[PDB]
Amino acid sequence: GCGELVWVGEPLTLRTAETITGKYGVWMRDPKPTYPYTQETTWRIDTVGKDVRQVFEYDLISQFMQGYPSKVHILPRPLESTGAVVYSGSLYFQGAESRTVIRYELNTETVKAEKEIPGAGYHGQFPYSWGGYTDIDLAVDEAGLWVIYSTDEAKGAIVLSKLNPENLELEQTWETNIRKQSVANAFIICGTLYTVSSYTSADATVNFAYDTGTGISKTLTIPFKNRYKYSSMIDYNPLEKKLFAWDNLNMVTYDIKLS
């Protein structure tokens, strides 16, 4: 069932990167797995550097946690930052030094669609507060695929658009009043965008909400712990109903509760 976020659990570390290449990154599972993948399949991208192309794929959670990848994909174009997601068999990622979102079908290693996010800032215009070229952040929730960004028209306030997952068309767009550069990251649960106050503090909070169904913005004070003091990626997985994050080399997951 769906509801408002009311609680976040303690971060649990599932894997720790062993080199500086993985100081920041993105790891994820597919909330709508398709053959040959399952809900155990995990993908990991270590995103430090300027030619990020390697995507580590693990058939089993045990392999993700303790072993080597079962497959490495080499993306056909370098990827930007930590905002990518996997949805219904495709990796959705942002091309380096662009506002282009790319749909890369994992089982065939084929680019199926590319879309400029209209008006979106990129490459350090509207990052989250830590920087990292985090201008464009994809998200999956119970209703499918979204993108979080900003524009000059929005004066840097978070904008979110629902995306067609097949062709990347924008279906609907909402504008919040939350300065994107003022929050550490964001994610969407049940159609509500939530933000995190700090990427360094052990005593951060989920501090704002914007409900796309009602247009209402709220403040919140839900505790959120950055166990390792540098969270570069915070996303929601609607199948597991958990937050997935990357915090200073560590791939972590948080339980949640909804009303």
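The first residue of the shown sequence is 1; numbering continues from there.
For the two regions 154-162 and 178-186, the entry's Cα B-factors average higher over 154-162. The question of which stretch, 210-218 or 53-61, has the higher mean Cα B factor is settled in favour of 210-218.
When the C-alpha B-factors of 84, 113, 148, 75 are read from the PDB record, the largest value belongs to 113. The residue among 39, 226, 197, 192 whose C-alpha atom has the highest B-factor in the PDB entry is 39. In the PDB entry, a CA B factor belonging to the middle third of its chain's modelled residues is recorded for residue 141. Per the PDB record, residue ranking by Cα B-factor puts residue 134 in the lowest third of the chain. Among the modelled residues of its chain, residue 204 has a C-alpha B-factor that falls in the middle third, as given in the PDB entry. Among the modelled residues of its chain, residue 2 has a C-alpha B-factor that falls in the highest third, as given in the PDB entry. Per the PDB record, residue ranking by Cα B-factor puts residue 8 in the middle third of the chain.
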